[PDB]
């Protein structure tokens, strides 16, 4: 069949805030396909505990490609409305006016992220992934599809 993923969302409006329909147990995949517009300075994928804006939902994993100068990906965590220490990845595959596929795999102690079929970064858990029930996608990005593979 054409469906290889679960709970697929097509062509969402950005900003997108959606409930993740099952638990992010080890081996679970979040697959996001899209493209970067020509004027993009940044976009982000936020794995959140809820969708509240007061207090702002904890962001277990903020995955934030940035496009100025040489480009990078910034990752961080928001706990009780405060950012932690940034982790910057300098070898970034994202480019303005290009399409991409992000695959986030949840492991026991970290996330692993591949982009366009290549391992890109790790991010150690700072909030237990059991607290994550919401997917936010924000900023200057066009999303074609979101899908899941729940373990």
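Residue numbers count along the first chain shown, from 1.
For the pair 79-87 and 92-100, the mean Cα B-factor is higher in 92-100. In this entry, 34-42 shows the higher mean Cα temperature factor of the pair 54-62 and 34-42. Of all the options 127, 24, 135, 9, the entry's greatest CA B-factor is assigned to 24. Annotation for residue 115: C-alpha temperature factor in the middle third relative to the rest of the modelled chain, per the entry. Ranked by C-alpha B-factor against the other modelled residues of its chain, residue 70 falls in the highest third.
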